[PDB]
């Protein structure tokens, strides 16, 4: 049967969204009416059964009980889609030359201590991860180095786990998480260990949905960044570790070809405080976009974990 176009259904949608209500949050009512209307039409069009609907309702309970709604947002492409719309806006405005954005993901932790120029961020021993230096120069789109810019990174350990989100046991606070203010020449450096990519929690709601679609829930090895500086927009980006077999099969659709730097083998590690003489080095330079009339039209406010 098809009922969506009937007066009874359209009146129910108007009442459920309180479109005819006293002055209120008009924007919220507009969004709720649109999403509810679309859901009702999809149920009608695809003949979605009550059993199927209640299975979707039950899934929403599990999704939130697991705390995984933002992980699902990445896994079904919604987080990438937000980047697509931001990129389209920048393109229409004539912007080029900045380091490409990519997704934040759900695992930022606020409050990491800020160091000048260089930070050692591996606080916990990890025998299976080799030492890694990440270094680079931050500039603006005019090519000039940005001094005092804030470069933040976070990444996983050799088991694919992040501090504050490790199910096998608590890591030291801010393990593999750090913030550096660039030096006078725009330079930043992190001394860390090499990340390994991971999968979604195997019994969690995100992987349950992915299993139902026939999809894996894995990401290639990567390092996250936030980069900010006076006169410039905040950049959310990442880089992928070259050579990872999942680099073009990320379940969160986040890989970009300009964000895959070369990995160089180096010696002299002990004088840098690394745990072995031989280590890997990645040079990741970063270009920030200036503000427009003092405004950052793309910084994102969302719930984020914190720690002391």
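Between two forms, the rigid core is the largest collection of C-alphas that superpose within 1.5 Å. Numbering follows the first chain given and starts at 1.
For 106 to 114 versus 89 to 97, the mean Cα distance to the shown form in 4 other deposited structures of this protein after rigid core alignment is larger for 89 to 97. Here the rigid core sets the fit, and in 4 other deposited structures of this protein the C-alphas of 168 to 176 stray farther than those of the other stretch, out of 204 to 212 and 168 to 176. Of the two segments examined, 195 to 203 and 222 to 230, it is 195 to 203 that shows the higher average Cα temperature factor in the deposited entry. The stretch 25 to 33 shows the higher mean C-alpha B-factor when 25 to 33 is compared against 251 to 259 in the entry. Which of 105, 131, 98, 167 has the largest Cα B-factor in the deposited entry comes down to 167.
Among 77, 136, 148, 217, the highest C-alpha B-factor in the deposited entry belongs to 148. In the deposited entry, the Cα temperature factor of residue 47 places it in the highest third of its chain's modelled residues. Among the modelled residues of its chain, residue 17 has a C-alpha B-factor that falls in the middle third, as given in the PDB entry. In the PDB entry, residue 236 places in the lowest third of its chain by CA B-factor. The PDB entry assigns residue 291 a C-alpha temperature factor belonging to the highest third of its chain's modelled residues.
Residue 213 sits in the middle third of its chain by CA B factor, as recorded in the PDB entry.
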